[PDB]
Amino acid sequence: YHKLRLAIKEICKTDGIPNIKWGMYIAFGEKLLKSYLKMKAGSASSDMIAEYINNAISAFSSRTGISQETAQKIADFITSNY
């Protein structure tokens, strides 16, 4: 997901994310994209997709030094581009 990784880095720069943390946001985004595409391909409902995304953002944002707002921007980039 070369294009995604690039886009996540730009989101990280905009949000002033400490660079030691970027790998974590990249991994979160790449994993979420793969799961989102699988769910779309299989005609998951809107409710199911929202629940999965919200669960992913909740779990990731529960880590210290991680921003829920930036996690949400990444999810939003995915759902608006893929």
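Position 1 is the first residue in the sequence shown; the rest follow in order.
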> Mean CA B-factor: is it higher for 43 to 51 or for 29 to 37?
Replying inline: 43 to 51
>> Ranking the modelled residues of this chain by C-alpha B-factor as given in the entry, is residue 67 in the lowest, middle or highest third?
In response: middle
> Among the modelled residues of its chain, does the C-alpha B-factor of residue 58 lie in the lowest, middle or highest third?
Replying inline: lowest
> Mind checking which third residue 6 falls in for C-alpha B-factor across the chain?
Replying inline: middle
